[PDB]
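We number each residue from 1, following the sequence as shown. FYI, side chains are in, hydrogens and waters are out, and symmetry mates aren't considered; it's all heavy atoms of this structure.
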Amino acid sequence: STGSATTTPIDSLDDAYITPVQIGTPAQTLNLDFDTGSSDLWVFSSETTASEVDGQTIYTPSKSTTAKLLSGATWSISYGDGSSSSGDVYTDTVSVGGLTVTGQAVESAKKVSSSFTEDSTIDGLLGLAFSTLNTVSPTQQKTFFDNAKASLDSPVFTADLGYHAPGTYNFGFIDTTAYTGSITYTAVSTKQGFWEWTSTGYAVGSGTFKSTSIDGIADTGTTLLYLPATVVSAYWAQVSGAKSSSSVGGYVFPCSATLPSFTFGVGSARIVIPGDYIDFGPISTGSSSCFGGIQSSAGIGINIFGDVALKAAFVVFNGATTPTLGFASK
């Protein structure tokens with residue numbers, strides 16, 4: 001089998017992407033944030049504290065004839081951005097772009113933190129990291145991809161995120177029309193449960209490439225590119241007027257400035273992030289100070305190749321027995 005679904009930016013800055021997902025019978029369609037940095041499929045629901053729901057579409061398991069309580073199961077997650085959610089668990093039929101999994105764990109939120117409430121466009125998350133990170137207790141549950149894998153034509157999914165435009169998540173096949181050149185594959189460590197890999201270096205604009213190992217994660221659920229402070233400083237030093245602002249919480253720059261591209265290495269291959277992808281607009285409405293899309297990972301504890309990086313490439317998440325990651329230009 002295969003599936004193919006369009007993923008759409010939630011706003012004009014590509015702060016996140018939402019993908020429609022069918023849950024239950026008859027189908028209830030929720031717009032989920034596909035997140036290769038986590039491993040829980042959780043949704044706003046009829047069980048979510050009323051005061052914490054503000055415009056989201058909810059899953060109502062009592063209206064699904066295929067929903068079954070996963071008795072005794074609970075879940076609780078906290079994300080790198082400080083947000084969180086928790087609740088109980090049903091199994092139900094879940095379809096993405098034509099691909100159907102029966103008995104998928106659907107984690108129903110009883111509580112969500114304010115940032116989730118405040119984002120009317122995201123109805124939940126669909127985790128695509130390794131199932132070892134799944135938070136369901138007492139019985140850890142598998143991701144949608146893990147459940148689908150054996151049925152897929154090939155045990156892979158791909159992320160083709162757009163810049164200020166829709167893109168595509170495919171399951172079970174590689175669309176050879178969606179990228180230019182060749183796909184370069186690179187080793188993955190699953191030791192932390194992430195799609196963790198090592199970039200071979202970077203360049204700033206037309207500058208010479210610096211060969212240096214940068215271990216990080218391919219994370220569709222993170223907006224920006226978070227890299228070591230040395231790398232980030234070298235980037236912003238090439239932007240007139242850019243500065244790190246402790247009050248804002250990262251690098252800012254005047255929008256009158258031209259942003260250089262940023263290149264990262266995948267083996268001997270190179271992915272070029274155009275300068276415009278690094279512009280996240282005014283820090284507040286009407287401000288001449290713009291927020292940067294490349295920020296320091298110092299004190300996150302891990303480097304994160306988030307949407308800023310991934311949307312410059314066609315990315316293969318290869319879930320073969322030994323997982324790997326593939327990157328192509330597009």
Side-chain angles (χ1 to χ4, degrees), residues 6-19 33-37 81 158-169 178-181 184 195 197 199 201-207 209-210 214 216-228 231-242 244 248-266 269-283 287 289-297 303-316 325-330:
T6 296
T7 190
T8 301
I10 63 163
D11 61 26
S12 67
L13 300 175
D14 298 344
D15 281 316
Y17 299 78
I18 51 175
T19 307
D33 184 352
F34 283 25
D35 182 11
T36 63
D81 69 352
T158 65
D160 179 11
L161 301 180
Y163 167 65
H164 294 177
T168 306
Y169 281 102
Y179 57 88
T180 63
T184 297
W195 293 91
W197 64 290
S199 172
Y202 71 98
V204 178
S206 60
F209 186 88
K210 176 76 169 174
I214 304 169
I217 67 169
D219 185 1
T220 59
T222 289
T223 312
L224 307 184
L225 172 55
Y226 294 90
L227 295 169
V231 178
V232 178
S233 184
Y235 178 80
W236 290 107
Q238 297 305 310
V239 179
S240 261
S244 184
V248 176
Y251 283 89
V252 297
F253 67 98
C255 330
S256 58
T258 286
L259 297 182
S261 60
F262 184 90
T263 300
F264 64 92
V266 182
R270 305 288 180 253
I271 301 295
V272 179
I273 304 169
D276 289 340
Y277 289 27
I278 298 160
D279 180 4
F280 279 74
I283 58 169
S287 180
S289 184
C290 286
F291 199 66
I294 295 177
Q295 298 293 348
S296 179
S297 66
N303 300 304
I304 306 172
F305 294 85
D307 297 335
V308 164
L310 304 182
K311 80 178 77 173
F314 177 86
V315 189
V316 182
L325 276 169
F327 290 84
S329 300
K330 65 187 186 192

Is [X] reaching over with its side chain to a backbone N or O of [Y], donor-acceptor style, under 3.5 angstrom?
X	Y	value
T222	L224	no
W236	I294	yes
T184	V266	no
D14	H164	yes
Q295	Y251	yes

- request: Indicate whether any N or O donor in one side chain lies under 3.5 Å from an N or O acceptor in the other, for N303 and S297.
  value: yes

Check: [Y] and [X] side chains under 4.5 Å, non-hydrogen atoms:
X	Y	value
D35	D219	yes
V315	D160	no
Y226	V308	no
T220	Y169	yes
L161	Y17	yes
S261	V272	yes

| task | Walk me through it: do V252 and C290 pass the test side-chain contact (heavy atoms from CB on, under 4.5 Å)? | result | CA-CA 5 Å; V252 297; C290 286; over 6 Å; no

TODO: Please indicate whether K330 has more than 12 foreign heavy atoms, meaning atoms of other residues, nucleotides or ligands, lying under 6.0 Å from its NZ.
DONE: yes

In this structure, CG of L225 is separated from OG of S296 (nearest 0.5 Å) by 11.0 Å

dist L325:CG -> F305:CZ (nearest 0.5 Å) comes out at 10.5 Å

Across all chains, not counting sequence neighbours, the side-chain contact (heavy atoms from CB on, under 4.5 Å) partners of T6 are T8, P166

Kindly indicate, with the supporting measurements, whether the criterion ring pair (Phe, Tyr, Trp, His ring centres under 6.0 Å) is fulfilled by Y179 and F314. CA-CA 6 Å; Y179 57 88; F314 177 86; 4.9 Å; yes

Next item on the list: Determine, stepwise, if the pair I217 / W195 fulfils side-chain contact (heavy atoms from CB on, under 4.5 Å).
Entry: CA-CA 5 Å; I217 67 169; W195 293 91; 5.8 Å; no

- [ ] May I have the step-by-step check of side-chain contact (heavy atoms from CB on, under 4.5 Å) for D276 and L259, ending in yes or no?
- [x] CA-CA 7 Å; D276 289 340; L259 297 182; over 6 Å; no

Cation over ring face, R270 and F209, 6.0 Å, 45°
yes

Do the two ring centres, one from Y235 and one from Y202, sit under 6.0 Å apart?
no

- For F253 and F291, what are the C-alpha separation, side-chain angles and deciding distance, and is it a ring pair (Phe, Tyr, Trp, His ring centres under 6.0 Å)? CA-CA 7 Å; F253 67 98; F291 199 66; 9.0 Å; no

